[PDB]
Amino acid sequence: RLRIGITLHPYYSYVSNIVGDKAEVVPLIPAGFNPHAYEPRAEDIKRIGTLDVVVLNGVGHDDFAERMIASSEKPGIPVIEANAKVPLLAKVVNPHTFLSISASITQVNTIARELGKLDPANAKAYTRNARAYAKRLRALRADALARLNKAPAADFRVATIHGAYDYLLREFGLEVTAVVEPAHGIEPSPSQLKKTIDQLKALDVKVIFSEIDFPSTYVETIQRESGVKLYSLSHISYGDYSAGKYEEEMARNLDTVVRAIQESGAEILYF
Ligand SMILES: [Fe+2]
């Protein structure tokens with residue numbers, strides 16, 4: 001029987017939906033911890049010794065896992081690189097591939113394929129379940145985009161605190177004008193925040209996508225100084241691990257974006 005290690009919350013959703021009850025899904029770090037903050041611990045490193053495989057993002061969102069494997073009782077534990085077939089943006093790679101439907105479909109497939117070689121007695125079911133999960137994801141996207149009447153206007157500029165939504169917004173045909181955090185998971189300095197606030201003003205940035213999971217203080221200040229409309233998105237990293245979390249949280253993100261586009265594209269009449 002298979003014991004599969006996962007690093008982030010969406011990967012628990014991918015692996016749980018591929019295996020069903022044919023394997024155990026084992027989170028590497030505890031639920032409740034912020035994966036950006038998490039500093040490898042003794043008990044967590046010992047757990048790797050109980051695993052057979054570890055499913056990694058490996059593009060910059062689980063470096064802690066690559067480190068905790070090297071100090072484990074299994075330094076040469078079979079590793080699955082979930083983003084092996086995923087086209088990335090932009091040495092500076094955005095690791096938030098999991099906050100995109102098409103990028104998730106490629107990761108689910110890569111995972112089910114590689115798990116199939118490790119457990120050949122269940123490769124049939126893993127392929128079978130990956131097609132089932134993908135269908136639920138394609139429809140999730142389809143329904144969100146079916147609620148969008150008009151495409152955003154030429155002047156529809158968007159900004160985000162965390163550099164996590166470049167992949168999500170790509171599926172709407174949108175680009176992020178500005179990211180408030182200078183580097184991934186790095187809080188800006190007051191000098192940095194003043195320049196960002198100055199750039200959102202110069203470029204007439206319409207909406208700002210803040211964090212639901214681990215919010216920032218400086219958000220009210222950005223909203224105050226620039227008059228930009230605030231909307232919140234989920235990195236899918238807070239609380240409990242579950243099979244449904246990814247598709248649950250993701251559908252909300254897709255409707256927040258649909259809401260943000262429609263709330264700008266508000267049509268009036270007469271006189
Ligand atoms: Fe992140």
# chains A, B, ... in the order shown; residues from 1 in each chain; ligands from 1
>>> residues_around(residues="stretch 24-40 of chain A", least_positions_apart="6", cutoff="7 Å", atoms="only C-alpha atoms", output="PyMOL selection string")
chain A and resi 2-7+12+15-16+64+68+185+237-241
>>> write_last_selection(atoms="C-alpha atoms", output="PDB file, in the first residue's frame")
ATOM      1  CA  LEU A   2       1.071   3.584  -0.805  1.00  0.00           C
ATOM      2  CA  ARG A   3       1.837   6.400   1.667  1.00  0.00           C
ATOM      3  CA  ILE A   4       2.106   9.663  -0.439  1.00  0.00           C
ATOM      4  CA  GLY A   5       3.693  12.856   0.956  1.00  0.00           C
ATOM      5  CA  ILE A   6       2.240  16.273  -0.045  1.00  0.00           C
ATOM      6  CA  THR A   7       3.626  19.786   0.706  1.00  0.00           C
ATOM      7  CA  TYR A  12      -3.668  17.118  -1.007  1.00  0.00           C
ATOM      8  CA  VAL A  15      -3.612  13.281  -4.768  1.00  0.00           C
ATOM      9  CA  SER A  16      -6.797  12.529  -2.651  1.00  0.00           C
ATOM     10  CA  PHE A  64      11.448  23.520   2.626  1.00  0.00           C
ATOM     11  CA  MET A  68      13.575  18.256   4.807  1.00  0.00           C
ATOM     12  CA  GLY A 185       6.106  36.207   0.644  1.00  0.00           C
ATOM     13  CA  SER A 237      -3.279  27.316   2.204  1.00  0.00           C
ATOM     14  CA  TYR A 238      -5.411  27.950   5.354  1.00  0.00           C
ATOM     15  CA  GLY A 239      -6.876  25.419   7.787  1.00  0.00           C
ATOM     16  CA  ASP A 240      -7.638  21.755   7.189  1.00  0.00           C
ATOM     17  CA  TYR A 241      -6.530  19.504   4.357  1.00  0.00           C
TER      18      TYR A 241
END
>>> residues_around(residues="stretch 199-211 of chain A", least_positions_apart="6", cutoff="7 Å", atoms="only C-alpha atoms", output="list in words")
residues 156, 157, 158, 159, 160, 161, 226, 228, 229, 230, 231, 232, 233 and 234 of chain A
>>> residues_around(residues="stretch 251-254 of chain A", least_positions_apart="6", cutoff="12 Å", atoms="only C-alpha atoms", output="JSON, numbers by chain")
{"A": [99, 100, 101, 136, 137, 138, 139, 140, 141, 142, 143, 144, 145, 146, 147, 148, 164, 165, 167, 168, 169, 170, 171, 172, 209, 210, 211, 212, 231, 232, 233, 234, 235, 236, 244, 245, 260, 261]}
>>> select_by_dssp(residues="stretch 39-217 of chain A", states="strand (DSSP E or B)", output="PyMOL selection string")
chain A and resi 53-56+79-81+158-160+178-179+207-211
>>> select_by_dssp(residues="stretch 16-261 of chain A", states="alpha helix (DSSP H)", output="PyMOL selection string")
chain A and resi 16-19+42-47+63-70+101-118+123-145+166-170+190-202+219-226+245-261
>>> write_last_selection(atoms="C-alpha atoms", output="mmCIF file, in the first residue's frame")
data_model
loop_
_atom_site.group_PDB
_atom_site.id
_atom_site.type_symbol
_atom_site.label_atom_id
_atom_site.label_comp_id
_atom_site.auth_asym_id
_atom_site.auth_seq_id
_atom_site.Cartn_x
_atom_site.Cartn_y
_atom_site.Cartn_z
ATOM 1 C CA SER A 16 -6.797 12.529 -2.651
ATOM 2 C CA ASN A 17 -9.001 12.672 -5.775
ATOM 3 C CA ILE A 18 -6.593 10.480 -7.858
ATOM 4 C CA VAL A 19 -6.097 7.689 -5.215
ATOM 5 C CA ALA A 42 12.280 17.488 13.782
ATOM 6 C CA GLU A 43 8.910 15.515 13.938
ATOM 7 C CA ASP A 44 8.032 16.542 10.334
ATOM 8 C CA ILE A 45 11.442 15.324 8.930
ATOM 9 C CA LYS A 46 11.024 11.944 10.758
ATOM 10 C CA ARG A 47 7.612 11.449 8.968
ATOM 11 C CA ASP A 63 11.914 24.453 -1.113
ATOM 12 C CA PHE A 64 11.448 23.520 2.626
ATOM 13 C CA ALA A 65 10.418 19.997 1.450
ATOM 14 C CA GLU A 66 13.491 19.591 -0.779
ATOM 15 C CA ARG A 67 15.548 20.524 2.382
ATOM 16 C CA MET A 68 13.575 18.256 4.807
ATOM 17 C CA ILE A 69 14.042 15.310 2.398
ATOM 18 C CA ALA A 70 17.906 15.787 2.386
ATOM 19 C CA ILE A 101 -7.393 25.163 -13.899
ATOM 20 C CA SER A 102 -5.391 24.150 -17.039
ATOM 21 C CA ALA A 103 -2.133 24.048 -14.998
ATOM 22 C CA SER A 104 -3.898 21.871 -12.326
ATOM 23 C CA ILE A 105 -5.198 19.437 -15.022
ATOM 24 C CA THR A 106 -1.575 18.955 -16.286
ATOM 25 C CA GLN A 107 -0.347 18.436 -12.669
ATOM 26 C CA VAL A 108 -3.150 15.907 -11.801
ATOM 27 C CA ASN A 109 -2.279 13.959 -15.003
ATOM 28 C CA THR A 110 1.518 14.023 -14.336
ATOM 29 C CA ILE A 111 0.784 12.849 -10.684
ATOM 30 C CA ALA A 112 -1.621 9.949 -11.664
ATOM 31 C CA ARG A 113 0.857 8.841 -14.409
ATOM 32 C CA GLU A 114 3.946 8.716 -12.101
ATOM 33 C CA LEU A 115 1.950 7.144 -9.177
ATOM 34 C CA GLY A 116 0.781 4.507 -11.693
ATOM 35 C CA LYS A 117 4.398 3.324 -12.243
ATOM 36 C CA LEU A 118 4.978 3.144 -8.415
ATOM 37 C CA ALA A 123 -2.540 2.612 -12.335
ATOM 38 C CA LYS A 124 -5.946 1.810 -14.016
ATOM 39 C CA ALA A 125 -7.874 3.514 -11.128
ATOM 40 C CA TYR A 126 -5.367 6.437 -10.882
ATOM 41 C CA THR A 127 -5.816 7.238 -14.619
ATOM 42 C CA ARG A 128 -9.644 6.684 -14.203
ATOM 43 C CA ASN A 129 -9.810 9.139 -11.244
ATOM 44 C CA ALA A 130 -7.580 11.779 -12.826
ATOM 45 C CA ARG A 131 -10.055 11.957 -15.797
ATOM 46 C CA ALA A 132 -12.984 12.270 -13.307
ATOM 47 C CA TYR A 133 -11.309 15.121 -11.325
ATOM 48 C CA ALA A 134 -10.236 17.011 -14.523
ATOM 49 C CA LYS A 135 -13.870 16.968 -15.821
ATOM 50 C CA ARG A 136 -15.038 18.506 -12.478
ATOM 51 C CA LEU A 137 -12.336 21.224 -12.912
ATOM 52 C CA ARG A 138 -13.091 22.047 -16.619
ATOM 53 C CA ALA A 139 -16.795 22.529 -15.608
ATOM 54 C CA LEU A 140 -15.821 24.607 -12.550
ATOM 55 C CA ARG A 141 -14.037 27.096 -14.986
ATOM 56 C CA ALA A 142 -16.816 26.833 -17.652
ATOM 57 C CA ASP A 143 -19.537 27.863 -15.134
ATOM 58 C CA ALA A 144 -17.534 30.849 -13.865
ATOM 59 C CA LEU A 145 -16.852 32.169 -17.427
ATOM 60 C CA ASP A 166 -0.868 35.562 -12.656
ATOM 61 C CA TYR A 167 -1.954 32.002 -13.707
ATOM 62 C CA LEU A 168 -5.615 32.438 -12.554
ATOM 63 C CA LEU A 169 -6.019 35.801 -14.345
ATOM 64 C CA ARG A 170 -4.355 34.387 -17.523
ATOM 65 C CA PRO A 190 7.287 51.819 3.777
ATOM 66 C CA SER A 191 9.524 53.220 0.915
ATOM 67 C CA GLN A 192 8.460 50.250 -1.308
ATOM 68 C CA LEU A 193 4.740 50.597 -0.384
ATOM 69 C CA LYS A 194 4.815 54.366 -1.219
ATOM 70 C CA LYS A 195 6.241 53.667 -4.774
ATOM 71 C CA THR A 196 3.592 50.856 -5.336
ATOM 72 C CA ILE A 197 0.767 53.223 -4.181
ATOM 73 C CA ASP A 198 2.306 55.858 -6.560
ATOM 74 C CA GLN A 199 2.332 53.385 -9.500
ATOM 75 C CA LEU A 200 -1.283 52.194 -8.912
ATOM 76 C CA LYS A 201 -2.237 55.919 -9.165
ATOM 77 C CA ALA A 202 -0.151 56.813 -12.280
ATOM 78 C CA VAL A 219 -4.061 46.811 2.793
ATOM 79 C CA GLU A 220 -6.380 49.489 4.341
ATOM 80 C CA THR A 221 -3.554 52.048 3.738
ATOM 81 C CA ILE A 222 -3.316 51.102 -0.033
ATOM 82 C CA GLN A 223 -7.136 51.328 -0.330
ATOM 83 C CA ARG A 224 -7.090 54.666 1.573
ATOM 84 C CA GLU A 225 -4.279 56.384 -0.468
ATOM 85 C CA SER A 226 -5.358 55.110 -3.946
ATOM 86 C CA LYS A 245 -10.664 22.123 -0.648
ATOM 87 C CA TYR A 246 -8.998 22.931 -4.051
ATOM 88 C CA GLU A 247 -12.237 22.840 -6.146
ATOM 89 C CA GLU A 248 -14.210 24.466 -3.189
ATOM 90 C CA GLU A 249 -11.808 27.469 -2.741
ATOM 91 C CA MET A 250 -11.068 27.746 -6.517
ATOM 92 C CA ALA A 251 -14.763 28.219 -7.523
ATOM 93 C CA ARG A 252 -14.931 31.213 -5.074
ATOM 94 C CA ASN A 253 -11.791 32.746 -6.707
ATOM 95 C CA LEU A 254 -13.322 32.397 -10.138
ATOM 96 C CA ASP A 255 -16.543 34.114 -9.026
ATOM 97 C CA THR A 256 -14.598 36.932 -7.134
ATOM 98 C CA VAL A 257 -12.876 37.714 -10.509
ATOM 99 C CA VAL A 258 -16.182 37.460 -12.413
ATOM 100 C CA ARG A 259 -17.678 39.840 -9.739
ATOM 101 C CA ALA A 260 -14.708 42.262 -10.000
ATOM 102 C CA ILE A 261 -14.998 42.372 -13.876
#
>>> closest_residue(among="A:177, A:217, A:94, A:72", to="residue A:50", atoms="only C-alpha atoms")
A:72
>>> atom_distance(atom1="atom CA of residue A:13", atom2="atom CA of residue A:91")
28.4 Å
>>> residues_around(residues="residue A:93", least_positions_apart="5", cutoff="9 Å", atoms="only C-alpha atoms", output="ChimeraX atom specification")
/A:59-60,88
>>> write_last_selection(atoms="N, CA and C atoms", output="mmCIF file, in the first residue's frame")
data_model
loop_
_atom_site.group_PDB
_atom_site.id
_atom_site.type_symbol
_atom_site.label_atom_id
_atom_site.label_comp_id
_atom_site.auth_asym_id
_atom_site.auth_seq_id
_atom_site.Cartn_x
_atom_site.Cartn_y
_atom_site.Cartn_z
ATOM 1 N N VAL A 59 8.903 24.096 -8.218
ATOM 2 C CA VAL A 59 9.170 25.314 -9.005
ATOM 3 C C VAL A 59 9.254 26.579 -8.101
ATOM 4 N N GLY A 60 9.439 26.351 -6.792
ATOM 5 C CA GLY A 60 9.659 27.414 -5.821
ATOM 6 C C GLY A 60 8.652 27.589 -4.709
ATOM 7 N N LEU A 88 5.745 27.687 -17.400
ATOM 8 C CA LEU A 88 5.837 28.640 -16.280
ATOM 9 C C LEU A 88 6.058 30.117 -16.719
#
>>> closest_residue(among="A:174, A:51, A:8, A:56", to="ligand 1", atoms="only C-alpha atoms and all ligand atoms")
A:8
>>> atom_distance(atom1="atom CA of residue A:176", atom2="atom CA of residue A:57")
22.2 Å
